[PDB]
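Text of coords32.txt, listed as compact mmCIF, C-alpha atoms and all ligand atoms:
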```
# COMPACT_ATOMS: atom_id res chain seq x y z
CA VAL A 3 14.96 9.76 -9.10
CA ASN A 4 13.17 6.64 -10.39
CA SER A 5 9.86 5.98 -12.23
CA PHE A 6 7.86 4.32 -9.43
CA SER A 7 4.64 6.32 -8.91
CA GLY A 8 2.01 6.55 -6.27
CA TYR A 9 3.88 4.79 -3.47
CA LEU A 10 3.53 5.59 0.21
CA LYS A 11 6.92 5.97 1.89
CA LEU A 12 7.26 3.76 4.96
CA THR A 13 10.92 4.29 5.80
CA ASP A 14 14.09 5.72 4.29
CA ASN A 15 14.20 2.80 1.82
CA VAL A 16 10.82 0.97 1.82
CA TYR A 17 7.78 2.08 -0.20
CA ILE A 18 4.35 0.43 -0.56
CA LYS A 19 1.45 0.59 -3.04
CA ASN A 20 -1.85 -1.20 -3.64
CA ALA A 21 -1.02 -2.60 -7.06
CA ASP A 22 -0.94 -5.72 -9.21
CA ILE A 23 2.78 -6.51 -9.45
CA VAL A 24 2.27 -7.78 -13.02
CA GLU A 25 0.74 -4.49 -14.14
CA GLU A 26 3.29 -2.49 -12.19
CA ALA A 27 6.11 -4.44 -13.77
CA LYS A 28 4.59 -3.99 -17.25
CA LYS A 29 4.50 -0.22 -16.78
CA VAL A 30 7.72 0.46 -14.94
CA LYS A 31 10.02 -2.19 -16.57
CA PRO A 32 12.09 -2.20 -13.39
CA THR A 33 15.64 -3.49 -13.36
CA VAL A 34 14.52 -6.21 -10.90
CA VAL A 35 11.12 -7.75 -10.20
CA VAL A 36 11.01 -10.23 -7.31
CA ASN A 37 9.11 -13.49 -7.72
CA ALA A 38 7.61 -15.34 -4.75
CA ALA A 39 9.21 -18.60 -5.85
CA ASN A 40 9.36 -22.13 -4.49
CA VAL A 41 12.51 -24.27 -4.48
CA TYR A 42 11.47 -26.07 -7.69
CA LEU A 43 10.67 -22.82 -9.55
CA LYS A 44 7.23 -24.30 -10.31
CA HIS A 45 5.25 -21.12 -10.96
CA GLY A 46 1.76 -22.45 -10.53
CA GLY A 47 -0.15 -19.86 -8.54
CA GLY A 48 -0.01 -16.78 -6.40
CA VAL A 49 2.45 -14.13 -7.52
CA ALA A 50 4.57 -16.70 -9.36
CA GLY A 51 1.68 -18.07 -11.39
CA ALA A 52 0.64 -14.53 -12.32
CA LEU A 53 4.14 -13.40 -13.32
CA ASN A 54 4.70 -16.55 -15.34
CA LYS A 55 1.32 -16.23 -17.11
CA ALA A 56 2.24 -12.67 -18.08
CA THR A 57 5.42 -14.03 -19.76
CA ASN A 58 3.35 -16.53 -21.81
CA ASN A 59 5.11 -19.36 -19.87
CA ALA A 60 8.61 -18.25 -20.93
CA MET A 61 9.52 -17.83 -17.25
CA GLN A 62 8.59 -21.48 -16.60
CA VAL A 63 10.57 -22.73 -19.62
CA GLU A 64 13.67 -20.83 -18.48
CA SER A 65 13.14 -22.02 -14.90
CA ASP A 66 12.88 -25.68 -15.89
CA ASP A 67 16.25 -25.44 -17.64
CA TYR A 68 17.73 -23.72 -14.55
CA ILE A 69 16.54 -26.54 -12.27
CA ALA A 70 17.67 -29.27 -14.65
CA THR A 71 21.19 -27.79 -14.52
CA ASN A 72 21.44 -26.62 -10.90
CA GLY A 73 18.86 -28.51 -8.84
CA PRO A 74 16.44 -26.86 -6.43
CA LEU A 75 16.99 -23.65 -4.56
CA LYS A 76 17.24 -23.50 -0.76
CA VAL A 77 14.38 -22.14 1.32
CA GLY A 78 15.63 -18.62 2.04
CA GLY A 79 17.66 -18.60 -1.19
CA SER A 80 17.34 -17.02 -4.60
CA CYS A 81 18.50 -16.96 -8.19
CA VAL A 82 18.61 -14.25 -10.85
CA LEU A 83 16.95 -15.13 -14.16
CA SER A 84 15.51 -13.11 -17.02
CA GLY A 85 12.70 -10.65 -16.41
CA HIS A 86 11.29 -11.44 -19.87
CA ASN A 87 8.73 -8.79 -20.90
CA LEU A 88 8.27 -7.60 -17.30
CA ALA A 89 11.70 -6.39 -16.10
CA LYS A 90 15.37 -6.66 -16.95
CA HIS A 91 15.84 -9.41 -14.35
CA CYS A 92 13.65 -11.54 -12.13
CA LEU A 93 15.01 -12.32 -8.67
CA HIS A 94 13.31 -15.59 -7.70
CA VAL A 95 13.28 -15.62 -3.88
CA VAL A 96 12.05 -18.55 -1.77
CA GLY A 97 10.36 -17.48 1.40
CA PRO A 98 9.26 -20.18 3.83
CA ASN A 99 5.84 -21.68 3.07
CA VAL A 100 3.94 -22.01 6.34
CA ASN A 101 1.53 -24.40 4.62
CA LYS A 102 4.55 -26.73 4.22
CA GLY A 103 5.75 -26.30 7.82
CA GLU A 104 8.87 -24.31 6.94
CA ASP A 105 10.64 -22.26 9.61
CA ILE A 106 9.44 -18.65 9.61
CA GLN A 107 12.87 -17.50 10.79
CA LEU A 108 14.02 -18.23 7.23
CA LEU A 109 12.00 -15.20 6.18
CA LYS A 110 14.85 -12.88 7.22
CA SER A 111 17.33 -14.91 5.14
CA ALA A 112 14.94 -14.66 2.18
CA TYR A 113 14.76 -10.86 2.42
CA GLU A 114 18.56 -10.61 2.70
CA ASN A 115 18.70 -11.55 -1.00
CA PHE A 116 17.15 -8.15 -1.81
CA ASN A 117 20.30 -6.38 -0.50
CA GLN A 118 22.24 -7.56 -3.57
CA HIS A 119 20.12 -5.20 -5.74
CA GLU A 120 20.00 -1.42 -5.45
CA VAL A 121 16.30 -1.11 -6.42
CA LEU A 122 13.55 -3.77 -6.61
CA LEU A 123 9.83 -4.15 -7.24
CA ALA A 124 8.66 -6.91 -4.93
CA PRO A 125 5.76 -8.66 -3.22
CA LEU A 126 5.70 -9.37 0.49
CA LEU A 127 7.62 -12.62 0.89
CA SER A 128 5.77 -15.60 2.38
CA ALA A 129 2.43 -13.72 2.15
CA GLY A 130 -0.60 -14.90 0.21
CA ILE A 131 -0.64 -18.64 -0.45
CA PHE A 132 2.67 -19.06 1.43
CA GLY A 133 0.65 -18.66 4.62
CA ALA A 134 2.64 -16.16 6.69
CA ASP A 135 1.20 -13.07 8.35
CA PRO A 136 1.77 -10.19 5.89
CA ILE A 137 2.15 -7.71 8.77
CA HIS A 138 5.08 -9.82 10.10
CA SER A 139 6.50 -10.07 6.60
CA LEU A 140 6.43 -6.28 6.24
CA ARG A 141 8.20 -5.87 9.59
CA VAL A 142 10.95 -8.31 8.57
CA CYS A 143 11.30 -6.50 5.21
CA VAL A 144 11.77 -3.09 6.83
CA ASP A 145 14.20 -4.50 9.42
CA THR A 146 16.26 -6.50 6.87
CA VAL A 147 16.28 -4.81 3.46
CA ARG A 148 18.61 -1.80 3.19
CA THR A 149 18.29 -1.26 -0.57
CA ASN A 150 15.33 0.53 -2.13
CA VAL A 151 12.27 -1.71 -2.26
CA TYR A 152 8.90 -0.91 -3.83
CA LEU A 153 6.27 -3.26 -2.36
CA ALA A 154 3.21 -4.11 -4.47
CA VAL A 155 0.25 -5.40 -2.46
CA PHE A 156 -2.54 -6.82 -4.63
CA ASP A 157 -5.35 -6.78 -2.05
CA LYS A 158 -6.64 -3.29 -1.23
CA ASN A 159 -8.06 -4.41 2.12
CA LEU A 160 -4.69 -5.87 3.08
CA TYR A 161 -2.83 -2.78 1.87
CA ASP A 162 -4.99 -0.62 4.18
CA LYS A 163 -4.39 -2.91 7.15
CA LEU A 164 -0.62 -2.96 6.54
CA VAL A 165 -0.40 0.84 6.38
CA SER A 166 -2.73 1.48 9.31
CA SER A 167 -0.85 -0.98 11.57
CA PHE A 168 2.69 0.00 10.53
CA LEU A 169 4.93 1.05 13.39
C1 LIG B 201 -2.86 -17.19 -4.07
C2 LIG B 201 -1.91 -16.29 -3.30
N1 LIG B 201 -1.46 -16.50 -2.07
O1 LIG B 201 -0.66 -15.49 -1.77
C3 LIG B 201 -0.61 -14.65 -2.78
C4 LIG B 201 0.21 -13.37 -2.84
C5 LIG B 201 1.16 -13.08 -1.88
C6 LIG B 201 1.91 -11.91 -2.00
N2 LIG B 201 1.69 -11.07 -2.99
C7 LIG B 201 0.80 -11.33 -3.92
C8 LIG B 201 0.66 -10.32 -5.05
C9 LIG B 201 1.05 -9.00 -4.84
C10 LIG B 201 0.95 -8.08 -5.87
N3 LIG B 201 0.47 -8.47 -7.03
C11 LIG B 201 0.09 -9.74 -7.29
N4 LIG B 201 -0.40 -10.29 -8.44
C12 LIG B 201 -0.67 -11.57 -8.25
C13 LIG B 201 -0.31 -11.88 -6.94
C14 LIG B 201 0.16 -10.70 -6.33
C15 LIG B 201 0.04 -12.48 -3.88
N5 LIG B 201 -1.37 -15.13 -3.75
```
Exercise: express the given structure as C-alpha cells:
Amino acid sequence: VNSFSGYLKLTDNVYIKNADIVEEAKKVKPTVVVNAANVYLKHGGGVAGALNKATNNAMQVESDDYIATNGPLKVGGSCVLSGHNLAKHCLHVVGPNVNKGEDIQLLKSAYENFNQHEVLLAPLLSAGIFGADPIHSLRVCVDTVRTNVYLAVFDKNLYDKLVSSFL
C-alpha cells in the first residue's frame, strides 16, 4: 500500500492521473519524482522548469554542479539527484526531443531508467515541449517499465484522450 490517490489503473504496474506533478510531489513526497530533463540539466521550461521553480532554483544549482563535475548526460540516460522539497530523490531522465531531431527509438532506453526504482511519480517522457506523441510515449512506458509508475498528466484534455485511446 502506498499514498498515491485518485489514479486510474492502466496495467498491473502503471497508473495515471490528471494532476500537476509539482502539486502531486508536494503532497505525496514520493521516494522518486522523475524530471523531464535535457542533457545539460538546464531546467528552463516544461516539467523541468516547473519542478525547478518549486525548489526555488535549488534543483538548478545542484544540477550545475553535477554537470561541471560529470559533463552532460546521454539522450536516453539519467542521473539521481536530490528531490529537494518535492521528493527524496529526483531521477532526471532525458527523453529524445523531437524538436531537436533526436531518435524516437531512444524513448525506450529513457524509460528503462525507471526500472532501477521500485516506485516513481513521473511525467510522460518526451511529451509536452519535447515534441513526441504522448499516446506513443504512454505505450512505450507500459511496454518498458516493470516497476510501479504513477503518471501525472497536467492537461485534462490530454489525460482524457490518453485514457480513452488506451489499448
Ligand atoms: C511546455 C511543455 N511541453 O511539454 C510539457 C510537459 C510534458 C509532459 N508533462 C508535463 C507535465 C505533467 C504533469 N505536470 C506538469 N507540471 C508542469 C508540467 C507538467 C509537461 N510542457
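Here atom CA of residue A:97 is placed at a distance of 11.0 Å from atom CA of residue A:125.
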Could you list, as a PyMOL selection string, all residues that come within 12 Å of ligand LIG 201 (chain B)? Count only C-alpha atoms and all ligand atoms. chain A and resi 18-28+35-39+45-56+97+99-101+123-137+139-140+152-158+160-161
Between atom CA of residue A:16 and atom CA of residue A:149, what is the distance in Å, rounded to a tenth?
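Pair atom CA of residue A:16 / atom CA of residue A:149 returns 8.2 Å.
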Students should find that atom CA of residue A:94 and atom CA of residue A:167 are spaced 28.0 Å
Selection near residue A:78, 10 Å with only C-alpha atoms, sequence-local residues under 3 positions removed, as a list in words
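Those residues are residues 40, 41, 75, 95, 96, 97, 98, 105, 106, 107, 108, 109, 110, 111, 112, 113, 114 and 115 of chain A.
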Restricted to C-alpha atoms, what would the selected residues look like written as a PDB file, in the coordinates of the input?
```pdb
ATOM      1  CA  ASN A  40       9.360 -22.130  -4.490  1.00  0.00           C
ATOM      2  CA  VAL A  41      12.510 -24.270  -4.480  1.00  0.00           C
ATOM      3  CA  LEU A  75      16.990 -23.650  -4.560  1.00  0.00           C
ATOM      4  CA  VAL A  95      13.280 -15.620  -3.880  1.00  0.00           C
ATOM      5  CA  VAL A  96      12.050 -18.550  -1.770  1.00  0.00           C
ATOM      6  CA  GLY A  97      10.360 -17.480   1.400  1.00  0.00           C
ATOM      7  CA  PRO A  98       9.260 -20.180   3.830  1.00  0.00           C
ATOM      8  CA  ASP A 105      10.640 -22.260   9.610  1.00  0.00           C
ATOM      9  CA  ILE A 106       9.440 -18.650   9.610  1.00  0.00           C
ATOM     10  CA  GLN A 107      12.870 -17.500  10.790  1.00  0.00           C
ATOM     11  CA  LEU A 108      14.020 -18.230   7.230  1.00  0.00           C
ATOM     12  CA  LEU A 109      12.000 -15.200   6.180  1.00  0.00           C
ATOM     13  CA  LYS A 110      14.850 -12.880   7.220  1.00  0.00           C
ATOM     14  CA  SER A 111      17.330 -14.910   5.140  1.00  0.00           C
ATOM     15  CA  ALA A 112      14.940 -14.660   2.180  1.00  0.00           C
ATOM     16  CA  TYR A 113      14.760 -10.860   2.420  1.00  0.00           C
ATOM     17  CA  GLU A 114      18.560 -10.610   2.700  1.00  0.00           C
ATOM     18  CA  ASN A 115      18.700 -11.550  -1.000  1.00  0.00           C
TER      19      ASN A 115
END
```
Using only C-alpha atoms, the residue out of A:151, A:169, A:30, A:88 with shortest distance to residue A:60 is A:88
